[PDB]
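J.: This is the structure I want to talk about, given as C-alpha cells.
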Amino acid sequence: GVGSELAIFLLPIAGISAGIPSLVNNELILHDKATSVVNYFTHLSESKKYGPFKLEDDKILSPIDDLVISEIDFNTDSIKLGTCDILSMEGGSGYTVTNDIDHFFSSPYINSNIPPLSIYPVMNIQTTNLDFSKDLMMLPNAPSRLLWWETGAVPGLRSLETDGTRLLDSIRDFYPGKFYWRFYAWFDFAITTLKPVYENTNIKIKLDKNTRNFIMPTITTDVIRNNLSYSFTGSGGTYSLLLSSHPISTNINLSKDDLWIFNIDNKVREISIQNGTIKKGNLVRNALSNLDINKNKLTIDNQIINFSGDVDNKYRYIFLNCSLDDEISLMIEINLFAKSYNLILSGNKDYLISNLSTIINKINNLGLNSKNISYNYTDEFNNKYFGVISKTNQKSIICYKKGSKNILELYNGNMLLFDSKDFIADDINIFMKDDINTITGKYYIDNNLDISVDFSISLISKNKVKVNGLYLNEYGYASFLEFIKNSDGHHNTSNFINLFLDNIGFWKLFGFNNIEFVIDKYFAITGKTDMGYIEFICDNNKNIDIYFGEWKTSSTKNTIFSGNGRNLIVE
C-alpha cells in the first residue's frame, strides 16, 4: 500500500524552479543577468507567503525549492534554517535617496573580508508550530552556501518592481550602508551575477512514532550532492524512504521497534530525464548483484546506508521493495545481524502461476541467487494466499483458506497436480526441499478429541499421497493393537498398514475416498502407551518390525530394539 502510492507521482528534478547551476569553467554560475537574479530572489521571497513547506497535489509536503533547512523535529513541529550569506559592500560617498533610487558620489565596492550579511533574519520565516499532518514529505535538497556576486552597468532597471526587489530592499534596510543592489553613480549599476559556494550540510531529522513516508530528491549537480547528507533518528514507528537514482549519504539511528521500508525502484530501472521529470525504463541488468550486508552497513550498487543505535538486536527485520508490474511486486526481508535475506512475491495466484517462467527470469536478471521463493498475498476480499515456490524445478505448493475450506494445491511449473477441496487438519505445517515437500498435521478420528493421529504426508499426483509417518496417541494406539490382534496373520506387510488407514477413515482427511496412499520403504509409525512408546519401521522388503520400544513400570524397565534381535530386556 505504501509502495504503490509512492510510485505514481512524476516528481520534478531538484533545482528546476530555482535554477540548476551551469559550470562555466570557473566558479559554477547560478544566474548571469539582472532579471535572472531578481527572479531567483522572487522565488526565495515566495517562502514568506507559503511558509517553509508547500502542499503539492494535497499529497506531498514539499519544501520550497532551494531553501537551506538543516533540521526538522516532528516531535514539536519545529525546524532550523541554514545559513545563506551574501557578500557585503563597503565604502561609497554621497549617499542620497531619490524615488527609492540610491545615488552616490562614488560607487561602493564589494569586500570579501567583512562578515557577510545573513538573509534569513530579514525574511522572518516561521520555524515553529508547523502543520506536519501529512505522512508524505519530500526531503530538502539545498546545502548551506555563501553567495558571491558581481555588479555591472545595466540600463533600464529603474522601473523593475517585483517581490524580489522588495526582498532585496529589505536586505538593504536591515543592514544600512552595506548592501546596494542597484544604484545610480553616473551610470545605472545593478546586481549582475550570482555564484554560490556550498558548505557541507548535515540535515538532521528527528522522527516521531507515527507513520512517515519520505522521498529522496534527485540532485543532478555533483557538488550539491557531495555537500549533502541525511541523519534520521527513529523512535519506534513505521517509516518508508524512496531511494533516488543519484546516491546521497544517509545515516539512520535505530530505536527498538523501528520498521523501515526502502523502496528501490529507481535503482533497478533505466532512469531518464524528460522535461524536468523522471521516466523509468526497462529493468537494468545485474543491478542487485552488489548487495552487501554488514551488521551496521547496507550497501546497494552505489547507495550506502549506515545504521546506528540499537545495532545489537537480532530479532528485527528490514524490508526492501521493488515492483515488476502493476500487480506482482517483489520484496526482500533482511535481518542485519544474521546477514540474511529471503525473497517474497505478492499479488495474483493465477497470473503468477501462468507467467512463472518470466517472473523467475526477471528475478535471475536482477542477480539474486536464493534457492526458494516465498509467496504471500492478501486480496481485496481478504482471502490470504501463501505458498512456497522452487526457483529451480518450478515445483510450488500454494495454500489458502477459501471460505472455511483449506485448499492446498501443488504445481509443477504451470499445470496443476493436486487439489484438496477440503483439508481437515489442525496445526498444519508445510516444508520443502527442492523436489520433496512435506505436510504435517493432526487429524481427529471421527471428531473425537481423544483419538488423534499426527500425520506427515507428501503429495505426489492427483490421487497419490505418500505417507511418511504416523504418530498414534494412547487411544489410537489401543485401537491399533486391537486391529493387529483381530487380523489373523496379516501383520508383517505394508498392505496391513493400508488396511489400517482404511479402517480409521484417513481418507476423510481430503474429503474424497478415491485416494491411493503409498507406503514407502521408510514408513515409520510411533505408538505411545501409558508407560512408554514403541516405534515400528518398514524394511527394504516392506516388512514391518519393531524398531525401538521402551516402557517403565514402578520397579522395572523394559527395552527392545532391532539391534539385538528384539530380545525384550527387563531390568
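Chains: A, B, ... in order of the C-alpha cells. Residues: from 1 per chain. Ligands: from 1, in order shown.
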Which parts of segment 248-369 of chain A does DSSP call alpha helix (DSSP H) when run on the backbone here, written out as a PDB file with N, CA and C atoms, in the first residue's frame?
T.:
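Printed below is result_24.pdb as written:
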```
ATOM      1  N   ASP A 265      12.936   1.173  -6.467  1.00  0.00           N
ATOM      2  CA  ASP A 265      12.581   1.111  -7.884  1.00  0.00           C
ATOM      3  C   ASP A 265      13.563   1.878  -8.757  1.00  0.00           C
ATOM      4  N   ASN A 266      13.962   3.072  -8.328  1.00  0.00           N
ATOM      5  CA  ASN A 266      14.847   3.893  -9.140  1.00  0.00           C
ATOM      6  C   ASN A 266      16.250   3.317  -9.258  1.00  0.00           C
ATOM      7  N   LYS A 267      16.562   2.258  -8.520  1.00  0.00           N
ATOM      8  CA  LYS A 267      17.879   1.639  -8.582  1.00  0.00           C
ATOM      9  C   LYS A 267      17.971   0.539  -9.633  1.00  0.00           C
ATOM     10  N   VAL A 268      16.852  -0.107  -9.968  1.00  0.00           N
ATOM     11  CA  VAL A 268      16.869  -1.295 -10.812  1.00  0.00           C
ATOM     12  C   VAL A 268      16.367  -1.030 -12.225  1.00  0.00           C
ATOM     13  N   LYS A 349      -2.537 -15.097  -7.734  1.00  0.00           N
ATOM     14  CA  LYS A 349      -2.259 -16.521  -7.839  1.00  0.00           C
ATOM     15  C   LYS A 349      -2.169 -16.952  -9.297  1.00  0.00           C
ATOM     16  N   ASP A 350      -3.246 -16.737 -10.050  1.00  0.00           N
ATOM     17  CA  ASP A 350      -3.336 -17.253 -11.411  1.00  0.00           C
ATOM     18  C   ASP A 350      -2.360 -16.556 -12.348  1.00  0.00           C
ATOM     19  N   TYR A 351      -2.198 -15.241 -12.207  1.00  0.00           N
ATOM     20  CA  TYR A 351      -1.253 -14.531 -13.060  1.00  0.00           C
ATOM     21  C   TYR A 351       0.169 -15.010 -12.811  1.00  0.00           C
ATOM     22  N   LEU A 352       0.549 -15.149 -11.540  1.00  0.00           N
ATOM     23  CA  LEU A 352       1.892 -15.616 -11.221  1.00  0.00           C
ATOM     24  C   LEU A 352       2.115 -17.027 -11.737  1.00  0.00           C
ATOM     25  N   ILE A 353       1.149 -17.916 -11.504  1.00  0.00           N
ATOM     26  CA  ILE A 353       1.296 -19.297 -11.947  1.00  0.00           C
ATOM     27  C   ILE A 353       1.416 -19.364 -13.462  1.00  0.00           C
ATOM     28  N   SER A 354       0.635 -18.553 -14.173  1.00  0.00           N
ATOM     29  CA  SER A 354       0.675 -18.585 -15.629  1.00  0.00           C
ATOM     30  C   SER A 354       1.999 -18.065 -16.178  1.00  0.00           C
ATOM     31  N   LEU A 356       5.041 -17.855 -14.522  1.00  0.00           N
ATOM     32  CA  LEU A 356       6.087 -18.128 -13.542  1.00  0.00           C
ATOM     33  C   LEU A 356       7.472 -18.086 -14.179  1.00  0.00           C
ATOM     34  N   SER A 357       7.592 -18.605 -15.402  1.00  0.00           N
ATOM     35  CA  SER A 357       8.886 -18.610 -16.075  1.00  0.00           C
ATOM     36  C   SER A 357       9.430 -17.197 -16.246  1.00  0.00           C
ATOM     37  N   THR A 358       8.588 -16.268 -16.705  1.00  0.00           N
ATOM     38  CA  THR A 358       9.041 -14.898 -16.929  1.00  0.00           C
ATOM     39  C   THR A 358       9.458 -14.228 -15.626  1.00  0.00           C
ATOM     40  N   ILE A 359       8.668 -14.410 -14.567  1.00  0.00           N
ATOM     41  CA  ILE A 359       8.997 -13.811 -13.278  1.00  0.00           C
ATOM     42  C   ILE A 359      10.338 -14.326 -12.785  1.00  0.00           C
ATOM     43  N   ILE A 360      10.563 -15.634 -12.907  1.00  0.00           N
ATOM     44  CA  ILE A 360      11.822 -16.196 -12.433  1.00  0.00           C
ATOM     45  C   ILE A 360      12.980 -15.695 -13.285  1.00  0.00           C
ATOM     46  N   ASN A 361      12.747 -15.510 -14.587  1.00  0.00           N
ATOM     47  CA  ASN A 361      13.785 -14.951 -15.447  1.00  0.00           C
ATOM     48  C   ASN A 361      14.155 -13.541 -15.016  1.00  0.00           C
ATOM     49  N   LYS A 362      13.153 -12.725 -14.688  1.00  0.00           N
ATOM     50  CA  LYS A 362      13.434 -11.372 -14.219  1.00  0.00           C
ATOM     51  C   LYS A 362      14.203 -11.394 -12.905  1.00  0.00           C
ATOM     52  N   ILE A 363      13.797 -12.256 -11.973  1.00  0.00           N
ATOM     53  CA  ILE A 363      14.490 -12.326 -10.690  1.00  0.00           C
ATOM     54  C   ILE A 363      15.938 -12.744 -10.893  1.00  0.00           C
ATOM     55  N   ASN A 364      16.184 -13.663 -11.827  1.00  0.00           N
ATOM     56  CA  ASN A 364      17.561 -14.023 -12.152  1.00  0.00           C
ATOM     57  C   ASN A 364      18.312 -12.847 -12.760  1.00  0.00           C
ATOM     58  N   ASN A 365      17.652 -12.079 -13.628  1.00  0.00           N
ATOM     59  CA  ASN A 365      18.307 -10.917 -14.218  1.00  0.00           C
ATOM     60  C   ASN A 365      18.695  -9.891 -13.164  1.00  0.00           C
TER      61      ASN A 365
END
```
J.: Report as a compact mmCIF listing (two decimals) with N, CA and C atoms, in the first residue's frame all protein, DNA and RNA residues lying within 9 Å of segment 542-555 of chain A, evaluated on only C-alpha atoms, omitting residues in the same chain fewer than 2 positions from it.
T.:
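What landed in part.txt:
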```
# COMPACT_ATOMS: atom_id res chain seq x y z
N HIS A 491 0.02 -59.30 9.54
CA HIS A 491 0.55 -58.14 10.25
C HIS A 491 2.01 -57.86 9.90
N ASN A 492 2.59 -58.60 8.95
CA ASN A 492 4.01 -58.40 8.65
C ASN A 492 4.23 -57.70 7.31
N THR A 493 3.26 -56.98 6.77
CA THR A 493 3.41 -56.38 5.45
C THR A 493 2.75 -55.01 5.41
N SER A 494 3.12 -54.22 4.40
CA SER A 494 2.62 -52.85 4.31
C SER A 494 1.14 -52.79 3.98
N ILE A 519 2.71 -46.51 0.78
CA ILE A 519 3.54 -46.78 1.95
C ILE A 519 4.96 -47.09 1.48
N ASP A 520 5.88 -46.18 1.78
CA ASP A 520 7.22 -46.23 1.23
C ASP A 520 8.05 -47.30 1.95
N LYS A 521 9.34 -47.33 1.66
CA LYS A 521 10.21 -48.27 2.34
C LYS A 521 10.85 -47.69 3.59
N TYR A 522 10.50 -46.47 3.99
CA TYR A 522 10.95 -45.92 5.26
C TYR A 522 9.81 -45.51 6.18
N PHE A 523 8.59 -45.96 5.89
CA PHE A 523 7.44 -45.57 6.70
C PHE A 523 7.64 -46.00 8.14
N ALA A 524 7.62 -45.04 9.06
CA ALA A 524 7.79 -45.32 10.47
C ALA A 524 6.59 -44.82 11.25
N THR A 529 1.95 -45.55 24.53
CA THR A 529 1.09 -46.13 25.54
C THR A 529 1.24 -45.36 26.84
N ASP A 530 0.59 -45.86 27.89
CA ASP A 530 0.57 -45.13 29.15
C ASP A 530 1.93 -45.10 29.82
N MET A 531 2.78 -46.09 29.57
CA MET A 531 4.07 -46.19 30.24
C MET A 531 5.25 -45.77 29.37
N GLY A 532 5.14 -45.92 28.06
CA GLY A 532 6.26 -45.64 27.17
C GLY A 532 5.79 -45.60 25.74
N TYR A 533 6.69 -45.94 24.83
CA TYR A 533 6.36 -45.88 23.42
C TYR A 533 7.00 -47.02 22.65
N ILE A 534 6.54 -47.22 21.41
CA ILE A 534 7.07 -48.23 20.51
C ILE A 534 7.08 -47.66 19.10
N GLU A 535 8.18 -47.84 18.39
CA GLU A 535 8.34 -47.37 17.02
C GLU A 535 8.56 -48.55 16.10
N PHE A 536 7.70 -48.67 15.09
CA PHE A 536 7.81 -49.66 14.02
C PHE A 536 8.31 -48.99 12.75
N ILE A 537 9.08 -49.72 11.94
CA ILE A 537 9.63 -49.18 10.71
C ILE A 537 9.60 -50.23 9.62
N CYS A 538 9.51 -49.78 8.37
CA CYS A 538 9.45 -50.68 7.22
C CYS A 538 10.85 -50.95 6.67
N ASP A 539 11.13 -52.22 6.39
CA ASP A 539 12.45 -52.60 5.89
C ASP A 539 12.48 -52.54 4.37
N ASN A 540 13.58 -53.03 3.80
CA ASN A 540 13.76 -52.98 2.35
C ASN A 540 12.80 -53.89 1.60
N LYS A 557 12.30 -51.75 34.18
CA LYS A 557 12.50 -51.05 32.92
C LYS A 557 12.62 -52.07 31.79
N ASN A 558 11.76 -51.96 30.78
CA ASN A 558 11.72 -52.90 29.68
C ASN A 558 12.11 -52.19 28.40
N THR A 559 13.06 -52.75 27.67
CA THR A 559 13.51 -52.15 26.42
C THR A 559 13.61 -53.22 25.35
N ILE A 560 13.44 -52.82 24.10
CA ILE A 560 13.62 -53.70 22.96
C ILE A 560 14.09 -52.87 21.78
N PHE A 561 15.07 -53.39 21.04
CA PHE A 561 15.45 -52.72 19.80
C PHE A 561 15.96 -53.74 18.80
N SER A 562 15.87 -53.37 17.53
CA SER A 562 16.16 -54.29 16.45
C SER A 562 17.63 -54.66 16.39
N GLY A 563 18.47 -53.97 17.16
CA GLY A 563 19.88 -54.28 17.15
C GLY A 563 20.20 -55.65 17.70
N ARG A 566 15.40 -57.95 18.81
CA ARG A 566 14.14 -57.71 19.50
C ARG A 566 14.01 -58.53 20.79
N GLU A 571 15.04 -55.04 33.15
CA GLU A 571 15.99 -54.77 34.22
C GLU A 571 15.28 -54.18 35.42
```
J.: Would you kindly return, as a count of residues only, each protein, DNA or RNA residue with an atom no farther than 8 Å from any atom of residue 412 of chain A, considering only C-alpha atoms and excluding same-chain residues fewer than 3 positions away?
T.: 7
